[PDB]
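A.B. asks:
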Amino acid sequence: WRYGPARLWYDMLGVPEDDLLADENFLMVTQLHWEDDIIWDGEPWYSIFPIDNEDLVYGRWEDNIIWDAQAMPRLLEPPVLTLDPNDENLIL
Amino acid sequence: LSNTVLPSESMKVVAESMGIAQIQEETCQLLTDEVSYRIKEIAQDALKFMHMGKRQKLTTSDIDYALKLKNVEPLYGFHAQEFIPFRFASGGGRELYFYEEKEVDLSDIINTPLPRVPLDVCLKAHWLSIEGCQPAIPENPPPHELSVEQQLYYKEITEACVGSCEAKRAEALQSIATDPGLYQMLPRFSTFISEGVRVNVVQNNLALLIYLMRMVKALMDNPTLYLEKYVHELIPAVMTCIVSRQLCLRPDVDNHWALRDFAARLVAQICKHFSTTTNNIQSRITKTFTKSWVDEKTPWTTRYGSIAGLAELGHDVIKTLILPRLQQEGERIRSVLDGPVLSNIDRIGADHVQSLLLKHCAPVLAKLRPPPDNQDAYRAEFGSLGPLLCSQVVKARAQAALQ
Amino acid sequence: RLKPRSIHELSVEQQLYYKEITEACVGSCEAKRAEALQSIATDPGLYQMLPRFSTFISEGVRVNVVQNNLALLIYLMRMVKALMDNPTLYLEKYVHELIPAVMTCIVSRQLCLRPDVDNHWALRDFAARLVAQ
Amino acid sequence: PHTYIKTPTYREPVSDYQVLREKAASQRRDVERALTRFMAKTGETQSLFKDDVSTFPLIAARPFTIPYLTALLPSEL
Numbered sequence: 341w342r343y344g345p346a347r348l349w350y351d352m353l354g355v356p357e358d395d396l397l398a399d400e401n402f403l404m405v406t407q408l409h410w411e412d413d414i415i416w417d418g419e463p464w465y466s467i468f469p470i471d472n473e474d475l476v477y478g479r480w481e482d483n484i485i486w487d488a489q490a491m492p493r494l495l496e497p498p499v500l501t502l503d504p505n506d507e508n509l510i511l
Numbered sequence: 009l010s011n012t013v014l015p016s017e018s019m020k021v022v023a024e025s026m027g028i029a030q031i032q033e034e035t036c037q038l039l040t041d042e043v044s045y046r047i048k049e050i051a052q053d054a055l056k057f058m059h060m061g062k063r064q065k066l067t068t069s070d071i072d073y074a075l076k077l078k079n080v081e082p083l084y085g086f087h088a089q090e091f092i093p094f095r096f097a098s099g100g101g102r103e104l105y106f107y108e109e110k111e112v113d114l115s116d117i118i119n120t121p122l123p124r125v126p127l128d129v130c131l132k133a134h135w136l137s138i139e140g141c142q143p144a145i146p147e148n149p150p151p214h215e216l217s218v219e220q221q222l223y224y225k226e227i228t229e230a231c232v233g234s235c236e237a238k239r240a241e242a243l244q245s246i247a248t249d250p251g252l253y254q255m256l257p258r259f260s261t262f263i264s265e266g267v268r269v270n271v272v273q274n275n276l277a278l279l280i281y282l283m284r285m286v287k288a289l290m291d292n293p294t295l296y297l298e299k300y301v302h303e304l305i306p307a308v309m310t311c312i313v314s315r316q317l318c319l320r321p322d323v324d325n326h327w328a329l330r331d332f333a334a335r336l337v338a339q340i341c342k343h344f345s346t347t348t349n350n351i352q353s354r355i356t357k358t359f360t361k362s363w364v365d366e367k368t369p370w371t372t373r374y375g376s377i378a379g380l381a382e383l384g385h386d387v388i389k390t391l392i393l394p395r396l397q398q399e400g401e402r403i404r405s406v407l408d409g410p411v412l413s414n415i416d417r418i419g420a421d422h423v424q425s426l427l428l429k430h431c432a433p434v435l436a437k438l439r440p441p442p443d444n445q446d447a448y449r450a451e452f453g454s455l456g457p458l459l460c461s462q463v464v465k466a467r468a469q470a471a472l473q
Numbered sequence: 207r208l209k210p211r212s213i214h215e216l217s218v219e220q221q222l223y224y225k226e227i228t229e230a231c232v233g234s235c236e237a238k239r240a241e242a243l244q245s246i247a248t249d250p251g252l253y254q255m256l257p258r259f260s261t262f263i264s265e266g267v268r269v270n271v272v273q274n275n276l277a278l279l280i281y282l283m284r285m286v287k288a289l290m291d292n293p294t295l296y297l298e299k300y301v302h303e304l305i306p307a308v309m310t311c312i313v314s315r316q317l318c319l320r321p322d323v324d325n326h327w328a329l330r331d332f333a334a335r336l337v338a339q
Numbered sequence: 156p157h158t159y160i161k162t163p164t165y166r167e168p169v170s171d172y173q174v175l176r177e178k179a180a181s182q183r184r185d186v187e188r189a190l191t192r193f194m195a196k197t198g199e200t201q202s203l204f205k206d207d208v209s210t211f212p213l214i215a216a217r218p219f220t221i222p223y224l225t226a227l228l229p230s231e232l
């Protein structure tokens with residue numbers, strides 16, 4: 341959407357239509409300083468748990484990383500605002 | 009298409025009404041091509057009384073006029089008002105259909121209500137067309215959106231971070247970081263930031279990318295708004311600021327290097343605050359950084375970004391990701407101490423990669439080695455990482471003295 | 207455009223099961239605990255609920271050593287032991303939350319009465335050192 | 156009752172007119188306070204008290220060349 345959020349960018353552009397890869401290495405026991413957590417001398464009809472972002476949990480957002488600007492493997496498209504209503508703190 | 013006849017199994021049934029026990033199949037074929045031949049000769053001669061006596065209906069008095077024509081005896085009882093009823097009999101293996109005729113008391117036909125008397129044939133004249141079209145006599149056929219307050223706030227805050235002056239930018243970032251009610255404007259800010267980082271590919275502006283990364287860093291410091299629902303948009307924008315190769319307009323003089331370590335610190339914060347075992351944010355970020363680093367053909371800028379993010383994640387990550395590929399430093403020093411082309415742009419990026427690598431691997435060498443470190447540099451690759459490790463041990467001793 | 211209202215990845219029979227197992231594993235009645243512990247020890251479908259169990263354990267010990275509530279801790283350590291011997295579920299994705307919880311049971315000071323339950327405290331350190339090795 | 160059968164659940168919906176009025180009111184008040192403090196900090200400012208910019212900043216009054224155009228004309232139509 342040309343007139344939506346990011347209209348400023350669209351106007352500036354002037355477009356007007358409208395073995396180290398082994399799974400264990402990445403397990404967070406081998407990548408997290410969990411020692412810091414140890415506490416020493418410290419001093463359901465509706466969901467009980469919260470619902471996670473399905474796009475973060477499931478989608479391949481990694482496909483929106485632009486590795487090479489000139490050699491971009493696919494063609495990206497303008498993104499429309501989707502106003503997810505799962506999030507609270509949004510009136511609608 | 010083909011000559012259609014009565015079925016041959018319909019003549020075995022008829023032959024058992026007669027009393028003939030066994031009739032062979034060549035006799036049944038001999039019967040059914042004759043009786044279906046005589047049906048077609050009375051089907052087509054009944055049609056000659058349907059056409060010459062103009063009827064287009066083929067009443068049962070047409071067949072009786074044709075059986076009279078072929079000399080065969082008439083079929084009695086087919087002029088009464090009847091229809092086609094059939095009654096199925098299932099049985100214990102014998103499937104058939106019959107009539108199921110009914111009875112009626114004789115005095116209820118003597119005392120039936122008589123139908124009305126018929127009328128005699130008379131003539132009637134009427135105009136069908138009068139010099140043209142037909143007359144109309146009855147003997148003829150008939151013929214979600216932001217309120218203006220927050221729209222103005224969104225406009226002023228986004229245009230304050232495009233680069234007219236620095237003081238309005240600092241007040242806009244201190245607004246974003248410290249306001250309580252900026253929800254309902256978080257999706258607009260996420261869209262603005264992600265599309266603005268995308269617009270770097272058309273115009274390789276380092277400055278506007280630094281401004282958008284300071285916008286993300288200000289969005290993270292807000293205590294009131296929760297970026298959990300919108301982090302899937304801000305993660306690849308910061309990732310694009312890390313591992314893309316042309317971050318500059320003039321590659322040689324622009325310090326894309328700082329937008330590298332700033333965005334690497336940003337993504338370490340974004341996967342410290344938000345990584346949950348349902349999310350798998352940190353493991354999926356380490357996997358992208360790792361397969362971008364281990365894979366050859368990658369430019370020195372994107373390798374710098376990969377090493378910078380991996381080294382800002384923490385100590386155990388550089389233990390189990392960076393330290394196996396320390397021999398890659400030799401492949402780097404292949405193109406530094408001895409390059410056929412010196413005046414290219416690979417040398418500044420290579421020794422930037424080298425400086426970052428030995429700066430981050432000096433405390434890792436200080437953690438997992440002896441305290442002496444006499445010829446660890448010689449044992450290390452190129453003998454320089456080891457000098458940096460000795461310097462790091464000296465710095466740690468100085469920090470202990472300060473404590 | 208509004209994105210569709212998402213559903214939690216647990217069923218309401220699974221979410222009710224999680225609520226019953228966690229309210230039985232806080233040890234109000236001993237037979238309830240023991241079944242819930244055997245249910246944790248041999249439910250084949252207890253994967254895809256395991257993040258919520260690991261988070262309930264981890265979060266519990268850390269706000270349960272603020273006041274040294276020994277039973278709350280002895281029940282959670284038995285829940286950890288019942289989570290470990292289940293053969294179906296894949297645990298080493300969640301062990302980064304499990305291990306600092308047990309280290310805290312073994313290496314921590316006791317905010318409640320120092321003597322008397324120290325006998326159990328030794329067992330709290332006995333059960334924790336067993337599951338640690 | 157959980158081995159073999161599954162039905163989905165949803166998040167708790169807040170359809171209450173009182174808390175929706177409170178949420179919309181407080182969000183409008185907070186965004187207009189943030190907007191006016193940002194515009195008073197990045198421009199010329201006045202003050203009811205001596206040297207008072209942090210608490211109650213006023214956007215300074217600027218004269219218009221044609222004031223009836225900004226007074227009488229409607230902005231939302």
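Chains as they are written, first to last, in the deposited numbering: chain A, 341 to 358, 395 to 419, 463 to 511; chain f, 9 to 151, 214 to 473; chain F, 207 to 339; chain H, 156 to 232.
The beta-carbon is built from N, C-alpha and C at its ideal position, and this holds for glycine as well.
Using DSSP with H/G/I as helix, E/B as strand and the rest coil, what is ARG95 of chain f?
C.D. replies: Three-state DSSP puts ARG95 of chain f in a strand.
A.B. asks: Where do the ends of the alpha helix (DSSP H) carrying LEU472 of chain f lie?
C.D. replies: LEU472 of chain f -> alpha helix (DSSP H) spans 455 to 472.
A.B. asks: Taking the straight line between their C-alpha atoms, what separation do you get for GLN220 of chain F and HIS157 of chain H?
C.D. replies: Going from the Cα of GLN220 of chain F to the Cα of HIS157 of chain H covers about 6 Å.
A.B. asks: Find the nearest neighbour of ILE392 of chain f within the set f:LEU428, f:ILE403, f:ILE415, f:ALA334, judged by alpha-carbon distance.
C.D. replies: Nearest C-alpha to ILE392 of chain f: f:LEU428.
A.B. asks: Listed in chain order, which residues of the stretch 259 to 292 of chain f have Cβ atoms closer than 7 Å to some Cβ of chain H?
C.D. replies: Within the stretch 259 to 292 of chain f, no residue has a Cβ that lies closer than 7 Å to any Cβ of chain H.
A.B. asks: Between f:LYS76, f:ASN148, f:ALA378, f:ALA333, which has its C-alpha nearest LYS287 of chain f's C-alpha?
C.D. replies: Ranking the options by Cα distance to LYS287 of chain f, first place goes to f:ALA333.
A.B. asks: Between which two residues does the beta strand (DSSP E) carrying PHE106 of chain f extend?
C.D. replies: First-last of the beta strand (DSSP E) with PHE106 of chain f: 104 to 106.
A.B. asks: Output, in chain order, the set of chain H residues within a Cβ distance shorter than 9 Å of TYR343 of chain A.
C.D. replies: Within chain H, no residue comes near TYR343 of chain A; the closest Cβ sits about 17 Å away, beyond 9 Å.
A.B. asks: Can you find a CB in chain A that lies within less than 7 Å of the CB of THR197 of chain H?
C.D. replies: With 7 Å as the cut-off, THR197 of chain H does not count as an interface residue toward chain A.
A.B. asks: Rounded to a whole number of angstroms, what is the C-alpha to C-alpha distance between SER425 of chain f and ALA338 of chain F?
C.D. replies: The straight-line gap from Cα to Cα measures roughly 40 Å.
A.B. asks: Using beta-carbon positions only, say whether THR356 of chain f and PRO257 of chain F come within less than 7 Å of one another.
C.D. replies: No, the Cβ-Cβ distance between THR356 of chain f and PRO257 of chain F is not below 7 Å.
A.B. asks: Nearest chain F C-beta to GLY418 of chain A closer than 7 Å, yes or no?
C.D. replies: True, the Cβ-Cβ gap to chain F drops below 7 Å.
A.B. asks: At 3 residues or longer, what runs of the beta strand (DSSP E) sit wholly inside the stretch 18 to 102 of chain f?
C.D. replies: Within the stretch 18 to 102 of chain f, the complete beta strand (DSSP E) runs of at least 3 residues are 95 to 97.
A.B. asks: Distance, Cα to Cα, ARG335 of chain f vs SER234 of chain F?
C.D. replies: Distance between the alpha carbons of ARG335 of chain f and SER234 of chain F is about 47 Å.
A.B. asks: Output yes or no for whether 7 Å exceeds the beta carbon distance between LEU397 of chain A and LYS225 of chain f.
C.D. replies: Cβ distance not < 7 Å, so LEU397 of chain A and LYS225 of chain f don't count as in contact.
A.B. asks: Would you report the Cα separation of residue 157 of chain f and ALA133 of chain f, rounded to the nearest angstrom?
C.D. replies: Since the model of chain f includes 151 and then 214 but nothing between them, residue 157 of chain f has no atomic positions to report.
A.B. asks: If you check the beta carbons only, do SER314 of chain f and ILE485 of chain A fall under 7 Å apart?
C.D. replies: Yes; because the gap between Cβ atoms is below 7 Å, this pair is in contact.
A.B. asks: Hey, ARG402 of chain f and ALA420 of chain f: beta-carbon distance below 7 Å or not?
C.D. replies: Yes, these two residues count as a Cβ contact at 7 Å.
A.B. asks: Would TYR223 of chain f pass as an interface residue toward chain H - the criterion being a Cβ-Cβ separation below 7 Å?
C.D. replies: Answer yes: the Cβ-Cβ gap between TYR223 of chain f and chain H drops below 7 Å somewhere.
A.B. asks: According to DSSP, is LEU213 of chain H helix, strand or coil?
C.D. replies: Three-state DSSP puts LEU213 of chain H in a strand.
A.B. asks: Helix or strand or just coil, what does DSSP make of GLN316 of chain F?
C.D. replies: Here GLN316 of chain F sits in coil by DSSP.
A.B. asks: Can you tell me the Cα-Cα spacing of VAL411 of chain f and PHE452 of chain f, whole angstroms?
C.D. replies: C-alpha separation (whole angstroms): 21 Å.
A.B. asks: Would DSSP call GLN182 of chain H helix, strand or coil?
C.D. replies: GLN182 of chain H: helix per DSSP, three-state reduction.
A.B. asks: At 8 Å on the CB atoms, spell out the chain A contacts of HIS214 of chain f, in chain order.
C.D. replies: In chain order: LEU502, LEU511.
A.B. asks: Could you please give the first and the last residue of the uninterrupted alpha helix (DSSP H) stretch that includes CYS431 of chain f?
C.D. replies: Residues 416 to 437.
A.B. asks: Take the Cβ of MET283 of chain F as the centre, count every other Cβ of all protein chains shown within 10 Å, and call the residue buried at 16 or more, exposed below.
C.D. replies: Buried: at least 16 other Cβ atoms inside 10 Å.
A.B. asks: Taking 7 Å as the CB-CB cut-off, is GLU24 of chain f touching chain H?
C.D. replies: Judged by the 7 Å Cβ criterion, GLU24 of chain f is not in contact with chain H.
A.B. asks: Please report whether the beta-carbon of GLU229 of chain f lies at a distance below 7 Å from any beta-carbon of chain H.
C.D. replies: Closer than 7 Å: no.
A.B. asks: Starting from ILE118 of chain f, trace the alpha helix (DSSP H) in both directions and tell me its first and last residue.
C.D. replies: Note, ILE118 of chain f: alpha helix (DSSP H), 115 to 118.
A.B. asks: Check the C-beta distance from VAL271 of chain F over to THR310 of chain F and give it rounded, since I have them as a contact under 8 Å.
C.D. replies: Right, their Cβ atoms sit about 6 Å apart.
A.B. asks: Taking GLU357 of chain A as the reference, which of A:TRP341, A:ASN472, A:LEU475, A:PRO345 has the closest Cα?
C.D. replies: Comparing Cα positions, the closest option is A:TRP341.
A.B. asks: Taking Cβ to Cβ, would you say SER16 of chain f is nearer than 7 Å to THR40 of chain f?
C.D. replies: Yes. Within cutoff.
A.B. asks: By the three-class DSSP mapping on this structure, what secondary structure does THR158 of chain H have?
C.D. replies: In this structure, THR158 of chain H counts as coil in the three-state DSSP scheme.
A.B. asks: Return the residues of the stretch 380 to 407 of chain f that lie within a Cβ-Cβ distance of less than 7 Å from chain F, sorted by chain order.
C.D. replies: Correct list: empty, as no residue qualifies.
A.B. asks: Any chance you could list the alpha helix (DSSP H) runs of at least 4 consecutive residues sitting entirely within the stretch 232 to 305 of chain f, in chain order?
C.D. replies: Entirely contained in the stretch 232 to 305 of chain f, the alpha helix (DSSP H) runs reaching 4 residues are, in chain order, 236 to 247, 256 to 268, 276 to 290.
A.B. asks: How about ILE377 of chain f and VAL434 of chain f: are their beta carbons less than 7 Å apart?
C.D. replies: For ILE377 of chain f and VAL434 of chain f, no; Cβs fall outside 7 Å.
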